[PDB]
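K.L.:
Contents of model_16.pdb (PDB, C-alpha atoms) are given next:
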ATOM      1  CA  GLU Q   1       0.687  63.319  15.934  1.00  0.00           C
ATOM      2  CA  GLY Q   2      -2.228  64.678  18.110  1.00  0.00           C
ATOM      3  CA  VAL Q   3      -4.768  64.311  15.192  1.00  0.00           C
ATOM      4  CA  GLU Q   4      -3.213  60.925  14.081  1.00  0.00           C
ATOM      5  CA  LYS Q   5      -4.079  59.771  17.685  1.00  0.00           C
ATOM      6  CA  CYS Q   6      -7.804  60.785  17.229  1.00  0.00           C
ATOM      7  CA  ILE Q   7      -8.045  59.220  13.671  1.00  0.00           C
ATOM      8  CA  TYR Q   8      -6.783  55.848  15.115  1.00  0.00           C
ATOM      9  CA  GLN Q   9      -9.474  55.778  17.928  1.00  0.00           C
ATOM     10  CA  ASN Q  10     -12.448  56.419  15.515  1.00  0.00           C
ATOM     11  CA  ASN Q  11     -11.072  53.825  12.975  1.00  0.00           C
ATOM     12  CA  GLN Q  12     -11.261  51.012  15.666  1.00  0.00           C
ATOM     13  CA  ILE Q  13     -15.102  50.600  15.399  1.00  0.00           C
ATOM     14  CA  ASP Q  14     -17.871  52.542  13.507  1.00  0.00           C
ATOM     15  CA  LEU Q  15     -19.799  53.157  16.850  1.00  0.00           C
ATOM     16  CA  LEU Q  16     -22.786  54.718  14.869  1.00  0.00           C
ATOM     17  CA  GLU Q  17     -23.630  51.540  12.799  1.00  0.00           C
ATOM     18  CA  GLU Q  18     -27.191  50.278  13.645  1.00  0.00           C
ATOM     19  CA  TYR Q  19     -27.484  46.427  13.316  1.00  0.00           C
ATOM     20  CA  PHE Q  20     -30.369  45.698  10.829  1.00  0.00           C
ATOM     21  CA  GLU Q  21     -31.065  49.452  10.271  1.00  0.00           C
ATOM     22  CA  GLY Q  22     -34.181  50.092   8.089  1.00  0.00           C
ATOM     23  CA  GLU Q  23     -34.958  46.510   6.861  1.00  0.00           C
ATOM     24  CA  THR Q  24     -38.246  45.261   8.476  1.00  0.00           C
ATOM     25  CA  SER Q  25     -39.369  41.806   9.865  1.00  0.00           C
ATOM     26  CA  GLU Q  26     -39.844  40.643   6.181  1.00  0.00           C
ATOM     27  CA  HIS Q  27     -41.400  37.080   6.461  1.00  0.00           C
ATOM     28  CA  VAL Q  28     -43.930  37.147   9.397  1.00  0.00           C
ATOM     29  CA  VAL Q  29     -46.389  34.265  10.221  1.00  0.00           C
ATOM     30  CA  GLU Q  30     -50.008  35.237   9.256  1.00  0.00           C
ATOM     31  CA  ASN Q  31     -52.790  33.011  10.766  1.00  0.00           C
ATOM     32  CA  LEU Q  32     -55.725  32.314   8.335  1.00  0.00           C
ATOM     33  CA  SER Q  33     -58.874  33.998   9.850  1.00  0.00           C
ATOM     34  CA  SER Q  34     -62.494  34.183   8.483  1.00  0.00           C
ATOM     35  CA  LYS Q  35     -64.536  37.181   9.828  1.00  0.00           C
ATOM     36  CA  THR Q  36     -68.359  36.606   9.606  1.00  0.00           C
ATOM     37  CA  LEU Q  37     -69.548  40.083   8.386  1.00  0.00           C
ATOM     38  CA  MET Q  38     -73.385  39.596   8.434  1.00  0.00           C
ATOM     39  CA  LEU Q  39     -76.036  36.789   8.723  1.00  0.00           C
ATOM     40  CA  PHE Q  40     -79.214  36.763   6.536  1.00  0.00           C
ATOM     41  CA  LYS Q  41     -82.298  34.658   7.586  1.00  0.00           C
ATOM     42  CA  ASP Q  42     -86.101  34.318   6.949  1.00  0.00           C
ATOM     43  CA  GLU Q  43     -88.603  35.472   9.672  1.00  0.00           C
ATOM     44  CA  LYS Q  44     -91.654  33.408  10.907  1.00  0.00           C
ATOM     45  CA  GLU Q  45     -91.903  30.897   7.969  1.00  0.00           C
ATOM     46  CA  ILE Q  46     -93.978  27.623   8.062  1.00  0.00           C
ATOM     47  CA  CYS Q  47     -91.141  25.153   8.983  1.00  0.00           C
ATOM     48  CA  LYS Q  48     -87.518  26.032   7.934  1.00  0.00           C
ATOM     49  CA  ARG Q  49     -86.509  26.591   4.236  1.00  0.00           C
ATOM     50  CA  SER Q  50     -83.014  25.359   3.099  1.00  0.00           C
TER      51      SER Q  50
ATOM     52  CA  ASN K   1      10.592  67.618   6.640  1.00  0.00           C
ATOM     53  CA  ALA K   2       7.427  69.774   7.332  1.00  0.00           C
ATOM     54  CA  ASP K   3       5.840  68.499   4.012  1.00  0.00           C
ATOM     55  CA  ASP K   4       6.359  64.751   4.937  1.00  0.00           C
ATOM     56  CA  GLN K   5       3.687  65.064   7.747  1.00  0.00           C
ATOM     57  CA  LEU K   6       1.039  66.159   5.140  1.00  0.00           C
ATOM     58  CA  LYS K   7       2.099  62.976   3.171  1.00  0.00           C
ATOM     59  CA  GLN K   8       1.954  60.974   6.507  1.00  0.00           C
ATOM     60  CA  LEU K   9      -1.638  62.284   7.201  1.00  0.00           C
ATOM     61  CA  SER K  10      -3.153  61.177   3.803  1.00  0.00           C
ATOM     62  CA  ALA K  11      -1.439  57.761   4.511  1.00  0.00           C
ATOM     63  CA  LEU K  12      -3.616  57.279   7.693  1.00  0.00           C
ATOM     64  CA  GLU K  13      -6.704  55.116   6.818  1.00  0.00           C
ATOM     65  CA  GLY K  14      -9.875  57.235   6.213  1.00  0.00           C
ATOM     66  CA  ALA K  15      -8.104  60.635   5.813  1.00  0.00           C
ATOM     67  CA  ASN K  16      -9.579  62.682   2.913  1.00  0.00           C
ATOM     68  CA  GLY K  17      -8.264  66.231   3.645  1.00  0.00           C
ATOM     69  CA  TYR K  18      -6.501  68.563   6.135  1.00  0.00           C
ATOM     70  CA  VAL K  19      -6.407  72.431   6.459  1.00  0.00           C
ATOM     71  CA  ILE K  20      -4.025  74.338   8.846  1.00  0.00           C
ATOM     72  CA  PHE K  21      -4.768  77.971  10.034  1.00  0.00           C
ATOM     73  CA  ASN K  22      -2.544  80.727  11.568  1.00  0.00           C
ATOM     74  CA  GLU K  23      -3.785  82.708  14.641  1.00  0.00           C
ATOM     75  CA  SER K  24      -4.911  85.151  11.844  1.00  0.00           C
ATOM     76  CA  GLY K  25      -7.109  82.875   9.653  1.00  0.00           C
ATOM     77  CA  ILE K  26      -4.920  82.418   6.486  1.00  0.00           C
ATOM     78  CA  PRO K  27      -4.578  78.714   5.524  1.00  0.00           C
ATOM     79  CA  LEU K  28      -0.857  77.622   5.761  1.00  0.00           C
ATOM     80  CA  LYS K  29      -1.130  74.231   3.891  1.00  0.00           C
ATOM     81  CA  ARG K  30      -4.132  72.159   2.605  1.00  0.00           C
ATOM     82  CA  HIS K  31      -4.593  68.833   0.688  1.00  0.00           C
ATOM     83  CA  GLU K  32      -5.028  68.874  -3.167  1.00  0.00           C
ATOM     84  CA  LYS K  33      -8.231  66.687  -2.902  1.00  0.00           C
ATOM     85  CA  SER K  34     -10.033  69.284  -0.664  1.00  0.00           C
ATOM     86  CA  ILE K  35     -10.322  72.610  -2.643  1.00  0.00           C
ATOM     87  CA  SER K  36      -7.213  74.900  -2.429  1.00  0.00           C
ATOM     88  CA  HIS K  37      -7.550  78.537  -1.104  1.00  0.00           C
ATOM     89  CA  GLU K  38     -11.297  78.833  -2.155  1.00  0.00           C
ATOM     90  CA  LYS K  39     -12.613  76.324   0.500  1.00  0.00           C
ATOM     91  CA  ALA K  40      -9.481  76.909   2.720  1.00  0.00           C
ATOM     92  CA  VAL K  41     -10.544  80.620   3.214  1.00  0.00           C
ATOM     93  CA  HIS K  42     -14.208  79.436   3.749  1.00  0.00           C
ATOM     94  CA  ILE K  43     -13.358  76.565   6.200  1.00  0.00           C
ATOM     95  CA  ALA K  44     -11.073  78.962   8.234  1.00  0.00           C
ATOM     96  CA  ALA K  45     -13.896  81.524   8.902  1.00  0.00           C
ATOM     97  CA  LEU K  46     -16.188  78.804  10.412  1.00  0.00           C
ATOM     98  CA  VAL K  47     -13.645  76.884  12.610  1.00  0.00           C
ATOM     99  CA  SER K  48     -11.837  80.100  13.857  1.00  0.00           C
ATOM    100  CA  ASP K  49     -15.307  81.399  14.980  1.00  0.00           C
ATOM    101  CA  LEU K  50     -16.405  77.903  16.294  1.00  0.00           C
ATOM    102  CA  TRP K  51     -13.075  77.627  18.248  1.00  0.00           C
ATOM    103  CA  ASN K  52     -12.905  81.239  19.675  1.00  0.00           C
ATOM    104  CA  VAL K  53     -16.673  80.956  20.599  1.00  0.00           C
ATOM    105  CA  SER K  54     -16.183  77.549  22.385  1.00  0.00           C
ATOM    106  CA  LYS K  55     -12.758  78.634  23.882  1.00  0.00           C
ATOM    107  CA  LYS K  56     -14.621  81.686  25.332  1.00  0.00           C
ATOM    108  CA  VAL K  57     -17.822  79.840  26.469  1.00  0.00           C
ATOM    109  CA  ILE K  58     -16.020  77.069  28.519  1.00  0.00           C
ATOM    110  CA  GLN K  59     -13.997  79.751  30.498  1.00  0.00           C
ATOM    111  CA  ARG K  60     -17.125  81.938  31.239  1.00  0.00           C
ATOM    112  CA  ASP K  61     -20.608  80.401  30.547  1.00  0.00           C
ATOM    113  CA  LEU K  62     -19.683  76.984  32.175  1.00  0.00           C
ATOM    114  CA  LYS K  63     -18.098  78.998  35.109  1.00  0.00           C
ATOM    115  CA  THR K  64     -14.975  76.684  35.026  1.00  0.00           C
ATOM    116  CA  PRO K  65     -11.837  78.892  35.468  1.00  0.00           C
ATOM    117  CA  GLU K  66      -8.676  77.542  33.663  1.00  0.00           C
ATOM    118  CA  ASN K  67     -10.119  74.790  31.361  1.00  0.00           C
ATOM    119  CA  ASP K  68      -9.090  75.414  27.676  1.00  0.00           C
ATOM    120  CA  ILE K  69     -10.535  73.145  24.886  1.00  0.00           C
ATOM    121  CA  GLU K  70      -7.958  70.717  23.333  1.00  0.00           C
ATOM    122  CA  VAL K  71      -9.987  68.858  20.585  1.00  0.00           C
ATOM    123  CA  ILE K  72     -13.412  69.164  18.773  1.00  0.00           C
ATOM    124  CA  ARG K  73     -14.863  66.122  16.814  1.00  0.00           C
ATOM    125  CA  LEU K  74     -17.903  67.078  14.608  1.00  0.00           C
ATOM    126  CA  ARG K  75     -19.395  63.690  13.476  1.00  0.00           C
ATOM    127  CA  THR K  76     -22.036  63.970  10.717  1.00  0.00           C
ATOM    128  CA  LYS K  77     -24.322  62.173   8.178  1.00  0.00           C
ATOM    129  CA  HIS K  78     -22.588  59.943   5.507  1.00  0.00           C
ATOM    130  CA  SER K  79     -19.280  59.231   7.412  1.00  0.00           C
ATOM    131  CA  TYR K  80     -17.503  62.706   7.579  1.00  0.00           C
ATOM    132  CA  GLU K  81     -15.613  63.485  10.867  1.00  0.00           C
ATOM    133  CA  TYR K  82     -14.188  67.049  11.378  1.00  0.00           C
ATOM    134  CA  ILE K  83     -11.365  66.900  14.039  1.00  0.00           C
ATOM    135  CA  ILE K  84     -10.094  70.358  15.310  1.00  0.00           C
ATOM    136  CA  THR K  85      -6.900  70.463  17.512  1.00  0.00           C
ATOM    137  CA  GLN K  86      -4.518  73.345  18.518  1.00  0.00           C
ATOM    138  CA  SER K  87      -0.680  73.153  18.877  1.00  0.00           C
ATOM    139  CA  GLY K  88       0.624  76.601  20.014  1.00  0.00           C
ATOM    140  CA  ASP K  89      -0.776  79.502  17.889  1.00  0.00           C
ATOM    141  CA  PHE K  90      -1.695  77.352  14.797  1.00  0.00           C
ATOM    142  CA  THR K  91      -4.816  75.063  14.518  1.00  0.00           C
ATOM    143  CA  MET K  92      -6.079  72.531  11.860  1.00  0.00           C
ATOM    144  CA  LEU K  93      -9.169  70.607  10.565  1.00  0.00           C
ATOM    145  CA  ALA K  94      -8.612  66.971   9.371  1.00  0.00           C
ATOM    146  CA  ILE K  95     -11.512  65.106   7.593  1.00  0.00           C
ATOM    147  CA  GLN K  96     -11.679  61.248   7.930  1.00  0.00           C
ATOM    148  CA  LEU K  97     -14.265  58.682   6.667  1.00  0.00           C
ATOM    149  CA  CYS K  98     -15.381  55.213   8.001  1.00  0.00           C
ATOM    150  CA  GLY K  99     -15.078  51.642   6.544  1.00  0.00           C
ATOM    151  CA  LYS K 100     -18.395  52.073   4.604  1.00  0.00           C
ATOM    152  CA  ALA K 101     -17.349  55.468   3.048  1.00  0.00           C
ATOM    153  CA  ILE K 102     -13.640  54.381   2.587  1.00  0.00           C
ATOM    154  CA  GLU K 103     -14.969  51.281   0.676  1.00  0.00           C
ATOM    155  CA  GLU K 104     -17.317  53.629  -1.347  1.00  0.00           C
ATOM    156  CA  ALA K 105     -14.315  55.969  -2.123  1.00  0.00           C
ATOM    157  CA  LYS K 106     -12.118  52.953  -3.213  1.00  0.00           C
ATOM    158  CA  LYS K 107     -15.002  51.666  -5.475  1.00  0.00           C
ATOM    159  CA  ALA K 108     -15.363  55.232  -6.972  1.00  0.00           C
ATOM    160  CA  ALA K 109     -11.538  55.256  -7.616  1.00  0.00           C
ATOM    161  CA  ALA K 110     -12.014  51.764  -9.239  1.00  0.00           C
TER     162      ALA K 110
END
Since I need it in another form, could you write the structure as structure tokens?
P.N.:
Amino acid sequence: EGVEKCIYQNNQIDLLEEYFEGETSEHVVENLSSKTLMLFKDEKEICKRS
Amino acid sequence: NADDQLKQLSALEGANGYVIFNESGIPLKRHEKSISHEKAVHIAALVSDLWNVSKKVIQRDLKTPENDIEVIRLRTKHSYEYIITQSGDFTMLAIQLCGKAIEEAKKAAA
């Protein structure tokens, strides 16, 4: 009757449950970027060359 | 009459097993689902030490005169829950589960 009392209390709510435990953001908005790595170019040419 | 309580304890939602101990350490009565005599001798040695150690420590190492331990609730991984009480000389160790593990145990039975 003393243990039955303690079983009852712990059976009310899990109390250790973590809401959305483990599972990550999943779908996340990713903006489309374009990183310019390196420019090439001619040096001291007569006019510009396309 | 004294058997009906063992039947009443398995009836409580979550309850896997129980094991009762004398002041000695002998197990008086255990469940059939938890191992009989083999584990009951093993599970007595741990809790009788854990109790007598904690009983001792609270009266001395906390420096609180006249404050005896009443319950101990070891909560664990999975959903096990080891409840230790003491009525008079005798003690006992119930084992309950939670909704998740109860549901798992019912599915295993099914």
K.L.:
Do you know which residues the ChimeraX specification (/K :<12) & /Q returns on this file, as an mmCIF file with C-alpha atoms, keeping the file's coordinate frame?
P.N.:
data_model
loop_
_atom_site.group_PDB
_atom_site.id
_atom_site.type_symbol
_atom_site.label_atom_id
_atom_site.label_comp_id
_atom_site.auth_asym_id
_atom_site.auth_seq_id
_atom_site.Cartn_x
_atom_site.Cartn_y
_atom_site.Cartn_z
ATOM 1 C CA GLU Q 1 0.687 63.319 15.934
ATOM 2 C CA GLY Q 2 -2.228 64.678 18.110
ATOM 3 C CA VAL Q 3 -4.768 64.311 15.192
ATOM 4 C CA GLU Q 4 -3.213 60.925 14.081
ATOM 5 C CA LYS Q 5 -4.079 59.771 17.685
ATOM 6 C CA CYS Q 6 -7.804 60.785 17.229
ATOM 7 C CA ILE Q 7 -8.045 59.220 13.671
ATOM 8 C CA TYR Q 8 -6.783 55.848 15.115
ATOM 9 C CA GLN Q 9 -9.474 55.778 17.928
ATOM 10 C CA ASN Q 10 -12.448 56.419 15.515
ATOM 11 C CA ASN Q 11 -11.072 53.825 12.975
ATOM 12 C CA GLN Q 12 -11.261 51.012 15.666
ATOM 13 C CA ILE Q 13 -15.102 50.600 15.399
ATOM 14 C CA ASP Q 14 -17.871 52.542 13.507
ATOM 15 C CA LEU Q 15 -19.799 53.157 16.850
ATOM 16 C CA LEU Q 16 -22.786 54.718 14.869
ATOM 17 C CA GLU Q 17 -23.630 51.540 12.799
#
K.L.:
Give me the residues near region 38-50 of chain K as a PDB file with C-alpha atoms, in the coordinates of the input, where near means some atom within 8 Å (using only C-alpha atoms) and where sequence neighbours in that chain fewer than 4 positions away do not count.
P.N.:
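Output file out26.pdb is given in full below:
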ATOM      1  CA  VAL K  19      -6.407  72.431   6.459  1.00  0.00           C
ATOM      2  CA  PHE K  21      -4.768  77.971  10.034  1.00  0.00           C
ATOM      3  CA  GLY K  25      -7.109  82.875   9.653  1.00  0.00           C
ATOM      4  CA  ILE K  26      -4.920  82.418   6.486  1.00  0.00           C
ATOM      5  CA  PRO K  27      -4.578  78.714   5.524  1.00  0.00           C
ATOM      6  CA  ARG K  30      -4.132  72.159   2.605  1.00  0.00           C
ATOM      7  CA  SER K  34     -10.033  69.284  -0.664  1.00  0.00           C
ATOM      8  CA  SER K  54     -16.183  77.549  22.385  1.00  0.00           C
ATOM      9  CA  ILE K  84     -10.094  70.358  15.310  1.00  0.00           C
ATOM     10  CA  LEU K  93      -9.169  70.607  10.565  1.00  0.00           C
TER      11      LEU K  93
END
K.L.:
To one decimal place, how far is CA of residue 106 (chain K) from CA of residue 82 (chain K) in Å?
P.N.:
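According to the coordinates, CA of residue 106 (chain K) and CA of residue 82 (chain K) are separated by 20.4 Å.
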K.L.:
Using CA of residue 16 (chain K) and CA of residue 33 (chain K) as the two end points, give the distance in Å to one decimal.
P.N.:
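Those two atoms sit 7.2 Å apart.
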K.L.:
Measure the distance from CA of residue 20 (chain K) to CA of residue 65 (chain K) in Å and round it to one decimal.
P.N.:
28.1 Å
K.L.:
Adding 8 Å on each side of the box along x, y and z that holds all listed atoms of region 10-18 of chain Q, could you give its centre and edge lengths in Å to one decimal, as lines of an AutoDock Vina configuration file?
P.N.:
center_x = -19.1
center_y = 53.3
center_z = 14.8
size_x = 32.1
size_y = 22.1
size_z = 20.1
